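Have a look at the structure that comes next, please.
As written, the chain order gives the labels A, B, C, D, E, F, G, H, I, J, K and L, with residue 1 at the start of each chain.
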Amino acid sequence: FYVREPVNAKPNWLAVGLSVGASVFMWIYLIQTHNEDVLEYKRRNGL
Amino acid sequence: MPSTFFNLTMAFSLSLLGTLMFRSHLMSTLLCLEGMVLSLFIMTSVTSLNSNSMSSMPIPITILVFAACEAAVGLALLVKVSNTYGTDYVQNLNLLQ
Amino acid sequence: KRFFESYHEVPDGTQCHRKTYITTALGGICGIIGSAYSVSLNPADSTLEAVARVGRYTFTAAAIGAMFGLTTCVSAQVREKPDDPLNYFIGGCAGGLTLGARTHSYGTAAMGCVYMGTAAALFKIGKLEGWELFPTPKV
Amino acid sequence: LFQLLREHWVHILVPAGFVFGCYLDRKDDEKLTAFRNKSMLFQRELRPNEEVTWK
Amino acid sequence: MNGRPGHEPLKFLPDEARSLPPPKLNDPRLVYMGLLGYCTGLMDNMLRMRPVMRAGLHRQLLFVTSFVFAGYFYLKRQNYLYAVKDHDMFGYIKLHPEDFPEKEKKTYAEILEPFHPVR
Amino acid sequence: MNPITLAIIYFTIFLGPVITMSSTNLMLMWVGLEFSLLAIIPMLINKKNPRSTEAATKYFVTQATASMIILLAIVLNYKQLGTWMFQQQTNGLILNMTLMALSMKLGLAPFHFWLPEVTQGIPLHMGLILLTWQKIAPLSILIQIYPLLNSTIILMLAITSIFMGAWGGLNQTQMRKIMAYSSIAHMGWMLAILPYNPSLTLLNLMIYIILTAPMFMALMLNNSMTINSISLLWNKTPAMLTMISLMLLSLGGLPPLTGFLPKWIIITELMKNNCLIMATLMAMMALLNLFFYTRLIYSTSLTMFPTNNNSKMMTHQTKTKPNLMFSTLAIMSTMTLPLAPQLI
Amino acid sequence: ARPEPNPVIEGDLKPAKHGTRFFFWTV
Amino acid sequence: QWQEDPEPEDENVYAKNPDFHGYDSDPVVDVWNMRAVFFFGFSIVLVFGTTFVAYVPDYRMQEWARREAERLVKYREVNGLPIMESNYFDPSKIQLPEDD
Amino acid sequence: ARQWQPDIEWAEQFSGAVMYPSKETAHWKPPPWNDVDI
Amino acid sequence: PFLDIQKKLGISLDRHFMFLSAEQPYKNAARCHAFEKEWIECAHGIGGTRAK
Amino acid sequence: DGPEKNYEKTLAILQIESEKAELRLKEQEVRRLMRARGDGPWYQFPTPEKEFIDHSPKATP
Amino acid sequence: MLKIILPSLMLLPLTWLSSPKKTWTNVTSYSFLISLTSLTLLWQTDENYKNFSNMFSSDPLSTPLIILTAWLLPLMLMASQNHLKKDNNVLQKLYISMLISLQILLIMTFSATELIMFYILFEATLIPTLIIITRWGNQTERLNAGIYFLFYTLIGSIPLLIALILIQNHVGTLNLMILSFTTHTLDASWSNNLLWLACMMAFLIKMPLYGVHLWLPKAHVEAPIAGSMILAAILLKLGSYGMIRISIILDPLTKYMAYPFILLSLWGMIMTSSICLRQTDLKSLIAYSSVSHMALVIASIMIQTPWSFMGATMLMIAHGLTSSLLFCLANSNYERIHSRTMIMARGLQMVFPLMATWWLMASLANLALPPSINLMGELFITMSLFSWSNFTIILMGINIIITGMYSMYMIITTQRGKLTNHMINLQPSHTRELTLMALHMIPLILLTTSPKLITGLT
């Protein structure tokens, strides 16, 4: 332990959920953008 | 008009030479600085007036409103200086060397 | 300004008088400017002292202008080869030497000679190869 | 299998680089495959049941 | 450039950039941005004096996944900008054809470059 | 500061550059410059130490006269063209005065003397705002007047700043003074390519901002305004010693790090435009800048300077976590040369 | 009469030729 | 005086670990840091490497050219052609500047 | 036997308000650490 | 300009009054309203390099 | 795999590098032309909006 | 060539992730194998050089080096396990990584198609080297040495940067392949006469020429053994590799723009060789030996005759291996003696029997004993130099006599004579010290059997 306890000893569970959850929103938008993109590219051009 | 504009412009340069050649008290400078704003205000107003460009008259005044505060800041610095040295001479402002 | 330019118009090694005069002026002009910055900042103690410094710098610079002009022109004269960086180098070589003397230092003459001469030589090459300085944007 | 404590976790780092390396160097070929067989000195005609000269 | 016809005054990537192929998510560059990111994360842990690799495993992810996210959408654009540059460049070469005529060099047989011997 | 005042000022210091950039009516560009002048002066004297009042009174006079000169250019234009904005036709002297006045605001080269003195005697945090955020508003005016400004004037302004900035750095040991002398040189590279490739002007700025902002938050992490002070970094916080090393060598142009790109593409653009005279001399004395950067490297990292006994006490109490962005821009600086094609 | 408007480069974008042609970036 | 440590002596690592191989102080690391260095150093680089380098075939074509010469010298001599004609690029192909 | 770490004297030079102090340039003594003058 | 937050937002706080031919109060045309118009409808679509 | 692979790979590398080189030079010529000509989409410097002209009676000729 | 490189990068993760006790063996064992993968590039069964991919290529000139660059990392990490074994477990993993990055960077520089890729990687190698010399340098003067090593290279470097960007505008690509198959013939103007100097000067500086070589004696003196090995074996040769690939362009000027350097080098060869004759610091003498034997190389990369270039490639690889061997054994004496002085430590063979055999073979490699690639190299440069002007044998003839004298003096006053009475008793030789040597010479014996591989492009 510590005479002056750490401010970080037990996790700031908000900081996990907006850090984890934010990243999983990034991917699901990113991967979506790509496949969506690929299509737009294919149809906009010949295929 | 061209002759008058020449005089006003040189007035601004004579005021320019003034603010770029200090001598003792700062309040002189700030005062000179203001001499330019008057010359700019007069020239802006003059051409706007003989171009009948009324859409631009707002500017001659915006120039003064901004210049007044600008000077307000300048004088508060000046008062701050003759509170820390009490003599307001550009001469003692050299600690930063 | 049509003046200074004249230096270049006449073939090098010819009409040294004009060359030396022009070169002397440029140096002197630089002298004035240099003294001015030297007096504006790092001011003097008395007006006279500063007038002197202006003079010193002006003359020294005028001298390094003259010898450069004279040496380069004559070197070309005597050597008979008008287009040769070496002429100028000898000139720059000399110019540096004058600076060295005015500053009463053999060492300065050393760096002065090499650095100054090299620079002048490059000017000759620059003119010979049509190098462009401060060029307009042509992208 | 990836025994830990630097048991196979680490020992397999460099080796793996090699494989990845070879995976790229054989992929670079795939890109630079124009003139596949269109070069003059080596322009043979495809032998029966052979897809391409050099892969 | 700007002033170019149709310029979108404040847009990131005009829809015209749809026509271009999307950046492969594993494009070496986006993968670099990923590593660039992981390192930012690791560096942070270090400057803040935390176990370097065993800490902030959530942050590690935010970093590797923020940088990468940024990449795809940036590269997507920079890719467009470069593509506009050709559209623009190639077009001009034609619209003003005379200025960029197609030279026709001579087979070496004809040209006679001088030979400096080493001896 | 009554938090309300803090907001009003900070808003102005931020509305100041933004109005400049957004507007086209030059007048509105001038007042954007004016608001920046008014907002920065209060923060500069926050300690209100005797050095500070000197700083602000200089900064203000230098800023004010330049502001008046910029206004005169706009006033003159108004009579040479009814427009309130510079045009192809603009008299050359009109643009030259504008060029001199804004360089005065940026402290680019001949007026470089005010920037080191003003930077000394103001807190490091405000110093960062002064060197980076304040600088963007003047250059935005210049990027707009890119085609009009004359090539010879800024080329010499640029060469002068490289020379003065480098020389100033070797003699100065005051860390904040050193930060100012690099910004004068970096500003010289930015204007050198201004009449040529503005995109590169901007790039040479962002990279300077992404380099200087981490460097200063490093200087303050331990609030060291002395090299001797930054040299004991090894005891106060050892990790930042590695990146402080690379960021400073990045600030100078050494090739593996991100800092080479701005110099490299500026040189490529100047040679494309044929200034192989000017570009060469700039690159050469640019090398002088690295000498003073590496001299600091020596003191802070490559060699361990002796420390006082009380330093053990500061190690004991928990250290202030450096900012989240210090880490991201530290890797963004020093490690993005492989991403150079997309940056330009 | 006003001056003719300058021509309009026309067509559709195609991935840049050989990509970024920065020194040594096969990209 | 400014506080600083007294000169550290260099240990005779050969006093303990009398089998010291020069790599590390504790004995097992040393043994396993030479059993892997002589091996990967000598046993499979100087040996397997030299084996492979020795078997690189006709390096830079100099094994091919000593035959191609032999059939060219065989062919040129029997057909009576000069063994190394004196112009290589045929004169007919060349279009010499006509005037000069 | 010890890579030479810098002693006090090597450190001394870096003090002073200017690294290369010339005539009438050594007069300058370092600015107060607190950034406040007497 | 450098950051066109005005065109984007569609607002026109700074463009309505940049030239002498802009809307003058009470429709009091200024001197030259005729020319500047003829100058700037000419140089519209033609860039500066060719507005010069 | 063979002599064939490097020979054909090296020719492909040269074609990409030759074509990149010709284009880089043509850029510099096109960019010289549009700057001075001002007849191309690049280097089209702005002049004030025609949009804000007041085309009205204005109680004056 | 990404197996010689990617697996290399991965070394860095291994030096960091691995256990403090096992960090040394994982790194040294793995890079020995990294060298084995490097040997695959030697399989050239045809003249067509190997263009692995757009940016990465390996031709006869680079291949003999890439293998040496990969080979020394193992050795460098074996020669610095002693000093650097007194560190904190995070200073080591930094030194090991620094050494690893040098060959990653050097492997790429020697295996780079675009000349500016050479420049960026070329001048990057200074960062790792300056850290190795300054951070771990024993003497008070390494701060100074580091400055000299950074400025002499840097002031030369920016002219090359301007020159290469210049040719890219003049020709349109810095790709060594194309630049070779394209017509770039300088026109003997005054300006070109400057271009040529701009391109060659940066390479001539790190290849110590007589005029600018003061950086190398100062740098190797205080540099740690691993840094001194890298500077002599791979770092200096970066300058030679550059001169071979850059003079493909600037073809006409070097015919007459070389005289200045050629004479600077051959007279330089004599004076640098001679001052070796009375220099008290052994590391000092090896460094000037390195300047003289590298002055021969700049005098063969400028005469430009097939044999010169072939002699140069032979000597550079050979002298690289020999110099390190000499710098490595100098360190073994330095660590037990604790002083660089040559006069102390006399008679070692009496107490270190084998190290003396390694000393003898290293010296015979240093001087030109004939069944050695070292001699073949000099014999060839000597021949061409003679062709350039029959008089050259006089100056390249005073160097051979002097080279014999200092090479044997190092053996005679360090490894013979009566033993020093009682210096700190000299502990016996470690097996690492001896292998680090054996690893240098066994390859020197094997390469001498088949010189064709290091024969150059010509």
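By definition in this document, a contact is a pair of C-beta atoms (placed from the backbone, for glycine too) under 8 Å apart; a residue touches a chain by one contact, two chains touch by 3 or more.
Chain-to-protein mapping (UniProt): B = NADH-ubiquinone oxidoreductase chain 4L; C = NADH dehydrogenase [ubiquinone] 1 alpha subcomplex subunit 11; D = NADH dehydrogenase [ubiquinone] 1 beta subcomplex subunit 1; E = NADH dehydrogenase [ubiquinone] 1 subunit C2; F = NADH-ubiquinone oxidoreductase chain 2; L = NADH-ubiquinone oxidoreductase chain 4.
Path length between subunit C and subunit H in the chain contact graph, taken as the least number of steps between touching chains: 2. Counting C-beta pairs in contact across D-L and across H-I gives the higher total for D-L.
Annotation: 47 Å between the Cα-based centres of subunit E and subunit I. Centroids built from CA atoms put subunit D at 34 Å from subunit A. In terms of their C-alpha centroids, the spacing between subunit F and subunit L amounts to 41 Å. Annotation: 45 Å between the Cα-based centres of subunit C and subunit L.
Touching two or more other chains at once are residues 3-5, 15, 17-20, 22-24, 28-30, 32, 41, 43-44, 46-52 of subunit J. Along subunit B, residues 51, 53, 56, 95, 97 each make contact with two or more other chains. Among the residues of subunit L, those touching two or more other chains are numbered 22, 33, 45-46, 53-54, 113, 168-169.
Partner subunit E is touched in their complex by these residues of subunit K: 23, 26-27, 29-30, 33-34, 37, 39-46.
Within the complex formed with subunit K, the residues of subunit L that make contact are 45-46, 48-51, 53-54, 113, 168-169, 171-173, 175, 177-178, 181. Note for the complex: subunit L touches subunit F at residues 105, 119-124, 126-127, 130-131, 134-135, 143, 146-147, 150-151, 154-155, 158-159, 161-162, 165-166, 169. By the touch criterion stated above, subunit H contacts subunit L in their complex at residues 12-14, 20-26, 29, 32-34, 36-38, 40-42, 44-46, 48-50, 52-54, 56-62.
Interface of subunit G with subunit J (complex): residues 2-3, 5-6.
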